[PDB]
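Data first, discussion second: the structure below is written as structure tokens.
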Amino acid sequence: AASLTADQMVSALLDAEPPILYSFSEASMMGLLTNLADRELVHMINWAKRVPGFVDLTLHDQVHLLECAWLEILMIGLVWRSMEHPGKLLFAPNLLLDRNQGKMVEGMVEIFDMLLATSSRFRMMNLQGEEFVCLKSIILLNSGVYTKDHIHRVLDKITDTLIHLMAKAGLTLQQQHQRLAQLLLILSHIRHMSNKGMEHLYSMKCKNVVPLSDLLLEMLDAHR
Amino acid sequence: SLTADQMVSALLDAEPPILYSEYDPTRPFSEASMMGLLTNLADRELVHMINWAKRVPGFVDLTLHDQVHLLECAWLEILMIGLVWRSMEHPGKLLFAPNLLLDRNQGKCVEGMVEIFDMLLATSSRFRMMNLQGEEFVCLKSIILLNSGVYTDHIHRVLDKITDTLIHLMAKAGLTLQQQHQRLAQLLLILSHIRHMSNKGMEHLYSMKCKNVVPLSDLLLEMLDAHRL
Amino acid sequence: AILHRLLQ
Amino acid sequence: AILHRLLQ
Ligand SMILES: C[C@]12CC[C@@H]3c4ccc(O)cc4CC[C@H]3[C@@H]1CC[C@@H]2O
Ligand SMILES: C[C@]12CC[C@@H]3c4ccc(O)cc4CC[C@H]3[C@@H]1CC[C@@H]2O
């Protein structure tokens with residue numbers, strides 16, 4: 001992993017990308033969303049195994065990082081898909097939801113607004129696909145890491161790869177550092193949204209508004 | 001218009017003092033008295049935080065409503081990064097105040113707080129591992145203030161200047177060009193962890209409030225309320 | 001709002 | 001854990 005060049009890292013991450021899966025009442029919509037999430041999760045595991053360095057980790061560590069990061073990963077995916085659809089969230093190619101449809105579920109519109117603002121941020125930055133896959137890999141390796149250098153060496157390699165992409169695009173040194181910072185600060189916002197979403201999902205689970213898969217239930221209670 | 005050196009000098013000058021807690025060593029802790037000490041401390045720090053924020057370049061140019069929003073969003077993140085910074089020179093302990101230095105076993109006094117102590121300690125350990133510098137710390141703390149609530153153009157220009165300042169500090173400290181962007185990334189990824197800890201802390205504080213464990217000041221109630229838990 | 005006043 | 005099995 002640490003012996004990959006920047007271009008090979010990019011190619012590895014692009015090839016590892018999961019498929020885009022296809023998909024009103026409150027239970028209806030939450031059923032559609034959680035059913036989709038559950039199917040995306042199976043594909044996320046395959047993707048994670050192809051992120052350079054991830055399979056070098058113990059099974060215990062792999063489980064921990066994915067339990068920590070899974071909703072962040074689903075969300076940055078959603079925001080990326082929605083970038084070209086101002087005011088809308090492209091959950092699936094056949095499920096493009098506008099802002100107001102979030103009110104169809106209790107407490108959901110607030111989360112929709114945060115996702116939409118992130119998508120809007122991506123759009124104004126003109127986030128590139130090569131940058132997006134780097135950011136997603138960083139989320140996987142970073143979010144649970146504070147609980148020893150191999151992972152940190154891999155993270156440094158992904159930083160190198162982002163900077164390489166920006167240099168390739170003709171940005172000056174000052175512009176590269178500024179854009180790197182802008183991108184990484186968005187990860188703070190994605191962490192925030194994941195925490196709020198996990199609280200929401202937990203609330204839906206308690207009401208029995210929707211049936212949740214065993215896997216989703218286990219990803220959920222990992223966050224205690 | 002500020003240079004990097006001017007930015008750093010401004011932020012260092014604006015630093016709040018380290019306050020004391022009302023710790024009473026004549027009695028043992030209870031869940032209630034430990035929560036009382038921590039929230040009493042938080043409330044007094046918030047007054048200094050408000051005045052510090054007014055000295056962060058660009059902050060006072062915002063509308064009062066935007067200033068309120070940013071501080072409502074960031075206040076516990078800012079308390080926490082301050083705590084982790086204070087605690088760097090004390091492995092295994094959290095220096096809430098000079099007279100309130102707690103280990104994880106003392107955290108067990110309050111239901112659910114040991115888990116949060118463990119995250120703060122791990123973050124303090126990360127700071128130590130990185131040899132985080134004071135100049136870097138004040139830049140990060142200002143970035144939290146301006147960023148955390150920003151997605152709910154002037155601010156982004158200020159944030160870019162703080163990025164410039166961080167790189168300047170690293171360059172001045174002799175890091176190679178590659179080491180500069182690697183460290184910039186390492187420092188900013190810490191902010192994801194600080195956000196996480198703040199969200200967990202906010203849920204914990206809300207729980208304490210909702211169980212009538214501790215009386216919270218009006219200011220603290222409103223700062224907590226802003227997070228609509 | 002208390003924070004609003006304090007900021008002034 | 002299911003995740004354990006999925007990771008194989
Ligand atoms: C977790 C939620 C259901 C599943 C949603 C989903 C489902 C699929 C997907 O690709 C992304 C997301 C992000 C937002 C998630 C939602 C946030 C709150 C809700 O409970
Ligand atoms: C918010 C809590 C009380 C106040 C604590 C505090 C108090 C003062 C301070 O400078 C930092 C922190 C961080 C940890 C906070 C705690 C985390 C949970 C608890 O409810």
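Here is how names work: the chains are called A, B, and so on, in the same order as the sequence lines, proteins then strands, and each is numbered from 1.
Electrostatic pairing of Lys136(A) and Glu17(A) counts as a salt bridge here, judged by a charged N lying under 4.0 Å from a carboxylate O. Between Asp113(A) and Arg99(A) there is a salt bridge, since a side-chain N of the basic residue sits under 4.0 Å from a carboxylate O of the acidic one.
If you check the side chains of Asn199(B) and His227(B), you find no donor sitting under 3.5 Å from an acceptor. Side-chain contact, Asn99(B) with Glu22(B): no donor N or O sits under 3.5 Å from an acceptor N or O. When only modelled atom types and interatomic distance are considered, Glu77(B) and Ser148(B) share a side-chain donor-acceptor pair under 3.5 Å. Under 3.5 Å, the side chains of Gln186(B) and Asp156(A) contain a donor-acceptor pair of N or O atoms. For the residue pair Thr152(B) and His69(B), a side-chain donor N or O sits within less than 3.5 Å of a side-chain acceptor on the partner. Using a 3.5 Å distance cut-off with no hydrogens or angles, the side chains of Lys103(A) and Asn100(A) do pair a donor with an acceptor.
Environment of NZ in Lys168(A): sparse, with no more than 12 heavy atoms of neighbouring residues, nucleotides or ligands closer than 6.0 Å. The 12-atom threshold is not exceeded at CD of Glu106(A), counting heavy atoms of other residues, nucleotides or ligands nearer than 6.0 Å.
Listed for the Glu31(B) side chain is no donor-acceptor partner under 3.5 Å among the backbone atoms of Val213(B). At least one donor-acceptor pair closer than 3.5 Å links the side chain of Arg128(B) to the backbone N or O of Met88(B). Checking side-chain atoms of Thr34(A) against main-chain N and O of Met30(A) turns up a donor-acceptor pair under 3.5 Å. Between the side chain of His156(B) and the backbone N or O of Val150(B), no donor-acceptor pair lies under 3.5 Å.
Note that CD1 of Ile76(A) is 3.5 Å distant from CD1 of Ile190(A), once rounded to the nearest 0.5 Å.
Ring to ring, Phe29(B) and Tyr23(B) are close: their centroids are under 6.0 angstrom apart. Aromatic rings of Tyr151(B) and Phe122(A) (six-membered ring for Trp) have centroids beyond the 6.0 Å cut-off, not under it.
Annotation: side chain of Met113(B) is in contact with side chain of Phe117(B) (closest heavy-atom distance under 4.5 Å).
Residue pairs meeting the side-chain hydrogen bond (donor to acceptor under 3.5 Å, both in side chains) criterion with at least one partner in residues 77-92 of chain A, sequence neighbours excluded, are absent.
Applying the salt bridge (charged side-chain N to carboxylate O under 4.0 Å, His left out) test to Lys211(B) and every residue at least two apart in sequence or in another chain returns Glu111(B).
The nearest pair of heavy atoms linking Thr161(A) to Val10(A) is CG2-CG2, 3.4 Å.
Ring planes of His4(C) and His65(B): tilted class, angle from 30 to 60°.
Each of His192(A), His200(A), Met193(A), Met198(A) was evaluated against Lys196(A); a single residue qualifies, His192(A), per the side chain to side chain contact (heavy atoms under 4.5 Å, CB included) test.
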